[PDB]
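Visitor: Structure for the following, please:
(chains A, B and C, ligands or ions: 11)
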Amino acid sequence: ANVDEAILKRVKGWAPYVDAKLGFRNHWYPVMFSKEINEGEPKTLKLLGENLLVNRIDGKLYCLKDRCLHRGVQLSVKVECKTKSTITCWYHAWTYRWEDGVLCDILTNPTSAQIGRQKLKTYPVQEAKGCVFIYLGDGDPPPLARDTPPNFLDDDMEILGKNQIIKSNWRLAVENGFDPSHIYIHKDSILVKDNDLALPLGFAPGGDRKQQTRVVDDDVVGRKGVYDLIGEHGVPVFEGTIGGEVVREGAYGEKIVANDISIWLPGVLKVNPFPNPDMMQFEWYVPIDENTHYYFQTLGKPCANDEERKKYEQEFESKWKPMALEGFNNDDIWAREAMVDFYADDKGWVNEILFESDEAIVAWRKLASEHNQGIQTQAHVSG
Amino acid sequence: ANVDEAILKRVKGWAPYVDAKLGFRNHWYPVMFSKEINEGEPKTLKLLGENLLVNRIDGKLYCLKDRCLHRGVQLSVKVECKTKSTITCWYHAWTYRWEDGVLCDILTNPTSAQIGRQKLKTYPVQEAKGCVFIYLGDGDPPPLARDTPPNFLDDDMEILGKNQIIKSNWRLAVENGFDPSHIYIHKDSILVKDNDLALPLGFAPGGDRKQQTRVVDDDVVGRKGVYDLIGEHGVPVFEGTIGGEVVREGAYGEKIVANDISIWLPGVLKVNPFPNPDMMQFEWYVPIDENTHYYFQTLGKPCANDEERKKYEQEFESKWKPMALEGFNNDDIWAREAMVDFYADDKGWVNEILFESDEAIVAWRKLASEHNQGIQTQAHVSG
Amino acid sequence: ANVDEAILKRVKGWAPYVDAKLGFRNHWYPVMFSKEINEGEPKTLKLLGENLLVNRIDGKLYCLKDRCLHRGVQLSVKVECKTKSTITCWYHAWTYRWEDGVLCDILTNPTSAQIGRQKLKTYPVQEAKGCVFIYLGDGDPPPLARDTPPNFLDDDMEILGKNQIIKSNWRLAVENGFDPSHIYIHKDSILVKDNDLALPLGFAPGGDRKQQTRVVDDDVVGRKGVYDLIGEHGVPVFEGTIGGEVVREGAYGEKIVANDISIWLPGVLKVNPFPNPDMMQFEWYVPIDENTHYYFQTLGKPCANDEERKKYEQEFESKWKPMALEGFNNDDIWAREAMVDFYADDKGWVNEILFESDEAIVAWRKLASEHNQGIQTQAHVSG
Ligand code: FES
Ligand code: FES
Ligand code: FES
Ligand SMILES: [Fe+2]
Ligand SMILES: [Fe+2]
Ligand SMILES: [Fe+2]
Ligand SMILES: [Mg+2]
Ligand SMILES: [Mg+2]
Ligand SMILES: [Mg+2]
Ligand SMILES: [Mg+2]
Ligand SMILES: [Mg+2]
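Guide: Numbering: from 1, shown residues only, chains lettered A, B, ... in the order given. Ligands and ions are numbered 1, 2, ... in the order given. Here you go, the structure:
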């Protein structure tokens, strides 16, 4: 639906994934933090190519398509919320209920035949762990757990994070996250030095192809993902050689991190533990449009009470956000940006030359192709 | 030519209008004020996607296509008018007569077989009320009055105006101008408050007078237009309601304006009276290219002598230009800009949901489709 | 390959040239001066649409495609030359030999089956006369002499020059260089005024079409070019007339230059003598992409020894660079930029109206169509 059929015929291992330039419809995605949306302060964002409005009304979140039914303007150009329960388009005052999107009033013509006979698209919205998730899909949503990595929703897991807009397609971000050999780019990170991490340059893979990953397609809340098992039977590379000479060494530190690495539909990485042995990292790559993603980064730590939560918040602000979320992952940002040109014409999916550690990436591409809940298309965006 | 047949086949009754992305050929259009084009000082502009040169020679205006026949450069890159009657291309000195476009000389090769056997396109130009009009069409032009609204050319009518380039397609500007319900956007205007205008939020169409428009096809100079009668025959909304609760009032005021509102081919609105009881507003939305128009605004006031003309100019500079042309119509500008996205892929023409007051807009779309004098195409532009 | 088949059918005689939007493959092209690339300091550039890296190692130049075989990143985003003889991709440390492009190591997986089984594209590089030439083509190259004008490689010919990036297609540059009538644009040049040049406004051609040029398809080293002979039979125009009135004169200077003007594949102009009677100008119009070229200008003067070399370097800096390479050719730069719009859609090749002096340009388009060593296509650029 999105890519030249002639390219899709050349990527038969994972053609639906290559078609999914706008992401997968009918999944939950995080778009902002709960603390960023105040009572009665609607916010605009673009998700899977669609402009949306989110509002908090008596503490509850609601999501309306930011596109008037009448002349297709963004209501957000000039927000008019004239009652708690409604928003009025600024142009001809078509008025919609947040709760169900029904056209309930038109201020410029209270006799219109359109009143009560039209509905603006709404999307389900849930807050969990101080994160705002939108179900960009149609019909009854699944539990949020389906589209979140294991442990993210644990009662005692405290989540703190950072969000920003990155100019690469979401898939280049997912693959960069889940790529076992990309950790070469992190060899000079401040985090690796100041937090004393064991970080190899890469891994010489051991065992058979089928042992390099574990597909999870039998999780009982319907979660679908892949674990990277390259470190299980693989030999970590700490001495980089050219023609047999050592030219580079890996990070010779004491702290073992990233024993468990997994990627989940719709596009969320879990790294456990990271960036410290007592915490884990969960990061989403949320499709905004064909060219752009939200890099929605979270660190989780079990905290038993308000005192542990406060101690974690203080370490997050003082150490883990600047050292790890910024000082380690900033190199991922320009890596993603560097892949844009090759994949921009959809040709890089045919012309890439993969090697052994990309087994993790190919397993993800297949999992995503088989288990996605729909391919978002320009028809969903416009129609 | 300009729009996919898949869209046009879905808009029967006004498909020519939807195809007319670049405007209608074979009409007059205003492009600048007389004072902006000085004797022997050529000016460049783009009209209906064509680059044009205008010059004043012995007081009279001429217009050549700003594209050399030879290698297709704009002559205006380096203007060389070496005699009163001619322009010489800067590149190889092909020399054209302003009066008829004829290639009369080539300075680089006075023996060329091209001399006297080629002609650069010319367009008629006329000045009226201090406004420069170009006939962007072929063959001998109709009278200017065919393409101007009633009274604009009246002997006593003093015209003052403002012109600027706006980044929307021309049709979004025309529809914004003629839209009976869009007056909702003007509810907070300083003009409405300070000049004591009566301005409803909108109109409930009137049950005792069923015809919401009057087509003028029967005019004496052949002008073609539509009068909006909703406001004359409708029930004005001064108390806008949501769930039956008043959430917004209209503007009460002594001064009744816009008794008669009409749109005319090729795309010029007349509002009478406006912004004061003895004035009229005439505004054009002149196509520059697919994405851009001139918003050519004028205010007319009958003036018997130089003292009345002087008083009107003072009034215009101190009050009407800042309060009305800027203050009031600035909200029309961002309204037009806000419609761009929905119409940019041509899908808005199919996906819009109209309501009752849009009968005025559909009447215009059908009038324009029936009585335009030609659809401008890329073949006219490049060629 | 590059242009709508419809257009190519309307230009039959020179269709391969109209197709050659990215330039001709399997030719040498200058891209920088020798003194701009230091030992072990790689430089990036784009040539015929391909991103390339050039390095100097033990004084010798090497050229690798700047696109990793693995995920298609530019290695130049973060250059890692970890041994004298190699470059390591910053992403997964795929390590390539400069000499033959062979993938000789991967630091992230020294056990990979890809090692020794892949090679990055390399291009030959040759330095001559202080200029860096890349053979943008396949297989063992021809002698550089084939792709340089006569006398450029003469033992005693001292070359000095200037390079810059210009926003036009390379062919608009070539035609502007070789066009006999375009000298009209140079009539006010500081070089003409200050160096007392004789410069007509143009020529009235004499003799047959065949007599207006001399095709060199028969040169001993395989050079392919056209001499402009318009001034052999041609009558110089020094009095430009409109309606038989003189409106402009040529330059009546004592100094005679540009006796011999020739254009050579792959797109290099030779003007002898210029800008003074014992110097030659050799200038290349090197394709960067569809929209861009290097304007690689050089001035040659024969010098017997180190002392003549130094005097020429001084007059180049104080006189010839500013007065000629800038004061004369700057008008050529904006002339090229002015042709972009008409040729951007490929329609100008069909819609232009040529005149008699364009027989030089037609002879070049025919020579280029017949004798080019290959049409660069998006398949070469992409894969
Ligand atoms: S575009 Fe929203 S009410 Fe008209
Ligand atoms: S482009 Fe105008 S005379 Fe050649
Ligand atoms: S992209 Fe260069 S080594 Fe992976
Ligand atoms: Fe990373
Ligand atoms: Fe308005
Ligand atoms: Fe020149
Ligand atoms: Mg709801
Ligand atoms: Mg005329
Ligand atoms: Mg009032
Ligand atoms: Mg008055
Ligand atoms: Mg080599």
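
Visitor: how many other residues sit next to the residue nearest to residue A:304 when sequence neighbours are not counted?
Guide: Residue nearest to residue A:304 in three dimensions, not counting chain neighbours: residue A:156, with 6.3 Å by Cβ to Cβ, 6 or more residues apart in numbering or on different chains. Placement of C-beta: from N, CA and C, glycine included. By other Cβ atoms under 10 Å in any protein chain shown, the residues close to residue A:156 number 13.

Visitor: The one 3 residues further on too?
Guide: Using other Cβ under 10 Å, the number of residues around residue A:159 comes to 18.

Visitor: Send me the host helix or strand of it as PDB with only the CA atoms.
Guide: Assigning secondary structure by DSSP states H and E places residue A:159 in strand A:157-166. Only the C-alpha atoms of strand A:157-166 are listed here, as PDB (Å, rounded to 0.1, in the frame of the first residue of the first chain):
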ATOM      1  CA  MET A 157       8.100   0.000  38.700                       C
ATOM      2  CA  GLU A 158       8.800   3.800  38.800                       C
ATOM      3  CA  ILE A 159       9.100   5.300  35.300                       C
ATOM      4  CA  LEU A 160      10.900   8.500  34.500                       C
ATOM      5  CA  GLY A 161      11.800   9.700  31.000                       C
ATOM      6  CA  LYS A 162      12.500  12.100  28.200                       C
ATOM      7  CA  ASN A 163      10.800  12.600  24.800                       C
ATOM      8  CA  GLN A 164      12.000  14.300  21.700                       C
ATOM      9  CA  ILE A 165      11.200  14.500  17.900                       C
ATOM     10  CA  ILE A 166      13.900  12.900  15.700                       C
END
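
Visitor: The residue nearest to residue A:294 when sequence neighbours are not counted and residue B:208: what is the separation?
Guide: Nearest non-adjacent residue to residue A:294, counting by Cβ to Cβ, 6+ apart: residue A:286, 3.9 Å away. Distance of residue A:286 to residue B:208, given as Cβ to Cβ, to the nearest Å: 56 Å.

Visitor: Neighbour count: those two, which is higher?
Guide: Each of residue A:286 and residue B:208 has its neighbours counted (other Cβ under 10 Å); residue A:286 has more, 26 against 5.

Visitor: Report the separation between residue A:245 and residue C:100.
Guide: Here the distance between residue A:245 and residue C:100 works out to 19 Å (Cβ to Cβ).

Visitor: now whatever residue of the stretch 251-383 of chain A ends up closest to chain C, nearest residue through space, not along the chain?
Guide: The nearest approach of the stretch 251-383 of chain A to chain C comes at residue A:342, 2.7 Å away (Cβ to the nearest Cβ). Nearest non-adjacent residue to residue A:342, counting by Cβ to Cβ, 6+ apart: residue C:72, 2.7 Å away.

Visitor: Do I have it right that that neighbour meets residue A:345?
Guide: No - assessed by Cβ atoms under 8 Å, residue C:72 is found out of contact with residue A:345, at 10.9 Å.

Visitor: more crowded one of those two?
Guide: Between residue C:72 and residue A:345, counting by other Cβ under 10 Å, residue C:72 is the more crowded of the two (22 against 13).

Visitor: who touches that one in this structure?
Guide: A:339, A:341, A:342, A:343, A:348, A:351, A:352 (Cβ atoms under 8 Å, 6 or more residues apart in numbering or on different chains).

Visitor: What's the ChimeraX syntax to select whichever of the residues you listed are buried?
Guide: The ChimeraX selection below is limited to those of the contacts of residue C:72 classed as buried (16 or more other Cβ atoms under 10 Å in any protein chain shown):
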select /A:339,342,343,348,352
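
Visitor: quick revisit: so what strands line up beside the strand holding residue A:159?
Guide: Using DSSP bridges, the strands paired with strand A:157-166 are strand A:292-302 (antiparallel).

Visitor: Near residue A:192, how many other residues are there?
Guide: A total of 23 residues lie near residue A:192 under the criterion other Cβ under 10 Å.

Visitor: my bad, should have said residue A:347
Guide: Look at residue A:347: counted by other Cβ under 10 Å, it has 18 neighbours.

Visitor: Do a quick rundown of the strands in the stretch 101-250 of chain A.
Guide: Along the stretch 101-250 of chain A, the segments classed as strands by DSSP state E, counting those that start in this stretch run A:103-106, A:122-123, A:125-128, A:131-136, A:157-166, A:202-204, A:213-216, A:225-228, A:235-237, A:239-242, A:245-249.

Visitor: any chance of those strands in a markdown table, with distance to residue B:366 too?
Guide: A markdown table is the format used below for these (distance: least, Cβ to Cβ, whole Å):
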| stretch | distance to residue B:366 |
| --- | --- |
| strand A:103-106 | 24 |
| strand A:122-123 | 35 |
| strand A:125-128 | 43 |
| strand A:131-136 | 39 |
| strand A:157-166 | 44 |
| strand A:202-204 | 68 |
| strand A:213-216 | 60 |
| strand A:225-228 | 57 |
| strand A:235-237 | 73 |
| strand A:239-242 | 73 |
| strand A:245-249 | 73 |
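
Visitor: For ligand 3, which of the ones you listed is the nearest?
Guide: Proximity to ligand 3, assessed across these by Cβ to the nearest ligand atom, is greatest for strand A:202-204 (10.2 Å).

Visitor: in stretch A:53-65, what's buried?
Guide: Quick answer for stretch A:53-65 (16+ other Cβ under 10 Å): A:53, A:54, A:55, A:56, A:57, A:61, A:62, A:63, A:64, A:65.

Visitor: Actually, stretch A:193-210.
Guide: Neighbour counts over stretch A:193-210 (16+ other Cβ under 10 Å) mark A:195, A:197, A:198, A:199, A:200, A:201, A:202, A:203, A:204, A:205 as buried.

Visitor: Take those residues and write them to JSON lines, including distance to ligand 1.
Guide: Shown next, in JSON lines, are the buried residues of stretch A:193-210 (distance: Cβ to the nearest ligand atom, whole Å):
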{"residue": "A:195", "distance to ligand 1": "53"}
{"residue": "A:197", "distance to ligand 1": "54"}
{"residue": "A:198", "distance to ligand 1": "58"}
{"residue": "A:199", "distance to ligand 1": "54"}
{"residue": "A:200", "distance to ligand 1": "57"}
{"residue": "A:201", "distance to ligand 1": "57"}
{"residue": "A:202", "distance to ligand 1": "55"}
{"residue": "A:203", "distance to ligand 1": "56"}
{"residue": "A:204", "distance to ligand 1": "61"}
{"residue": "A:205", "distance to ligand 1": "57"}
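
Visitor: which two in the residues you listed are spaced the farthest apart?
Guide: A:195 and A:205 (26.8 Å; Cβ to Cβ).

Visitor: For the closest residue to chain B within the stretch 251-383 of chain A, grab the count of nearby residues.
Guide: Proximity of the stretch 251-383 of chain A to chain B (Cβ to the nearest Cβ) peaks at residue A:382, 4.9 Å away. Counted with other Cβ under 10 Å, residues neighbouring residue A:382 total 18.

Visitor: Kindly report the same for residue A:307.
Guide: The local packing of residue A:307 (other Cβ under 10 Å) involves 9 other residues.

Visitor: Point me to the helix or strand that includes it.
Guide: Using DSSP H and E, residue A:307 sits within helix A:306-315.
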